[PDB]
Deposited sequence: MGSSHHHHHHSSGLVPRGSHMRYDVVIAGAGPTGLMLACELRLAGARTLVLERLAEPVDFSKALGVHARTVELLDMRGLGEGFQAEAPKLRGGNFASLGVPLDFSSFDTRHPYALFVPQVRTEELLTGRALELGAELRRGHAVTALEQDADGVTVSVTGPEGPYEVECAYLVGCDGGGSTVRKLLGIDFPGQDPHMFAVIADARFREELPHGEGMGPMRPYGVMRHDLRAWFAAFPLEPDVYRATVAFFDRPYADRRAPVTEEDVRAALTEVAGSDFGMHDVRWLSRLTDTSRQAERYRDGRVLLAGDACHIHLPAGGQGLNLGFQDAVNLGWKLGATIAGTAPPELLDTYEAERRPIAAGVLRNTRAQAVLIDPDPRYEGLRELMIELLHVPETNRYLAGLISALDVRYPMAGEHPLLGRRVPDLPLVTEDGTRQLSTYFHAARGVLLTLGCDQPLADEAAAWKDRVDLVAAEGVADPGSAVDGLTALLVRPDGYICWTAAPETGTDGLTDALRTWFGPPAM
């Protein structure tokens, strides 16, 4: 058995990667250790940038059905929300979607697209050479080996693949330990949403609702499986009461360990999601970071296997993604100190609350957390470069159409604004990789795109080239060659 790509792990990163690779025509195999999907949710939502990418893929409507919209974001529980309304987006909020549902949506899509999913199959070894990768698998039908051009480790924080490769995972050892419980409580919870601060103990309890009458309770202590008795002991020792907790849906530990893989690639093997970055779950960023790693990698790897990509393209995945993960680790490492109730961090907490009240400071952190502000280094001076395209209302014949409906196939899009057509002929040699979207104009005059006549957008929604009337066609062919490969 020979496949183009083998993916180890069917978490949200692996599943999105499988979808992206199928859009790019790669024969994909997804191997999942667990026999059945997990029954608890780690992540409780998706941020504004993930919603935009699901919209671009025509998956958005499926997630939004689970309606709850969080218009403000959390930054180290300081009481000053991260306002997402300040953004040029159709989704100025985070969506409350439990991971179990996110994974069910992505599984449906990956299967619909033709990705092969093998649940109960684990990767134990790997062998690499110039030609390909041979992966050692153990499944319910016994051990076997599968050949591929590329293997991707989407196997979580304890990633087997990362360790198999010998990739170092540098970072920081934890300074905090917490126990989590998704449970019901007979007694009434104290207000704090709920919780008890304990500066003396250097600990805190905090709870918030999941669904009516069910809470996620956390007990954090600063400087083996967790059992109900652990959570009850911890709850009693900090809040002073058991609270009559019953029917625990999930129990687990949590730490502020902060590590990133030294590299995201080692020959024909790549890492994505928790496999290349672990951090304190603060501000709800991991699933989104992993999902976005997949969207960046998927089209680049698919084009590499198709043999249409420039050889330096797959390398841009680590170059673009490492700083983004670095930024999540940086802000979470900052939050980890900020949540430590040690009175030593009071000036720091108070100065942060003040800075959070400064609009541009609030917007800078909101753009980080929501990922609406991700900027990749890109050739040129125009501000829009390396940035996402907004979901523009476009005017055409047969009415107005949203720019995101042109990205379902995960091809690049050359968006023209006006009667000028020497652009269509110059890009015709890339017609097989890029679609020309010829609009009369933008249905809204406000638009970040207004001074422009043309944009070249990558399959991930990131702009790589712009034309204004003065500029005219220059760098187009260069941008096409850089991101999509040689002409016809």
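Chemist: What are the C-alpha gaps when you align the coordinates back onto the deposited sequence?
Modeler: Unmodelled stretches: 1-20, 213-219, 251-257, 523.
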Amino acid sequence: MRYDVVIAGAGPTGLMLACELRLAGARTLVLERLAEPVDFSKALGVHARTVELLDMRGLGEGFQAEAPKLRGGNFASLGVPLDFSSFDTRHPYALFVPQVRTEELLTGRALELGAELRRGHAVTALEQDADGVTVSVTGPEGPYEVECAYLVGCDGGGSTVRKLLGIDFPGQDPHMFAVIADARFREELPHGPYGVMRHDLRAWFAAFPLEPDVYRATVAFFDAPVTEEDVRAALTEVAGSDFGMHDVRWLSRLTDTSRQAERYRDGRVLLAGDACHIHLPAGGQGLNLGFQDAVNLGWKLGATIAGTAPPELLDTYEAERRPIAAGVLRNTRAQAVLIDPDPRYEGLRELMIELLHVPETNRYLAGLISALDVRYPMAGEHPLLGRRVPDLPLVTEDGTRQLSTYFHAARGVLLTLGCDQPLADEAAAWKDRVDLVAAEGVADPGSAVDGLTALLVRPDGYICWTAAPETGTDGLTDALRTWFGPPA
From here on, numbers count along this sequence of modelled residues.
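Chemist: Taking the recorded C-alpha temperature factors, which stretch has the higher mean, 413-421 or 159-167?
Modeler: Averaged over C-alpha atoms, the B-factors run higher in 413-421.
Chemist: In the PDB record, does 444-452 or 30-38 carry the higher mean Cα temperature factor?
Modeler: Comparing 444-452 with 30-38, the higher average CA B-factor belongs to 444-452.
Chemist: Choose from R249, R344, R268, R109 the residue with the greatest Cα B-factor as stated in the PDB record.
Modeler: Each of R249, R344, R268, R109 was compared by C-alpha B-factor; the highest is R249.
Chemist: Would you mind checking which of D274, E381, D293, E318 has the top Cα temperature factor in the PDB entry?
Modeler: Result of the comparison over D274, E381, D293, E318: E381.
Chemist: Name the third of the chain's ranked CA B-factors that contains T471, choosing lowest, middle or highest.
Modeler: Ranked within chain, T471 CA B lands in the highest tercile.
Chemist: Please place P68 in the lowest, middle or highest third of its chain by C-alpha B factor as given in the entry.
Modeler: It falls in the top third of the chain.
Chemist: Within this chain's modelled residues, let me know which third the CA B factor of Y150 belongs to: lowest, middle or highest.
Modeler: According to the entry, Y150 has a C-alpha B-factor in the chain's lowest third.
Chemist: Taking the entry's C-alpha B-factors for this chain, is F177 in the lowest, middle or highest third?
Modeler: According to the entry, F177 has a C-alpha B-factor in the chain's highest third.
Chemist: Pull the Cα B-factor of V358 out of the PDB entry and bin it into the chain's lowest, middle or highest third.
Modeler: Ranked within chain, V358 CA B lands in the middle tercile.
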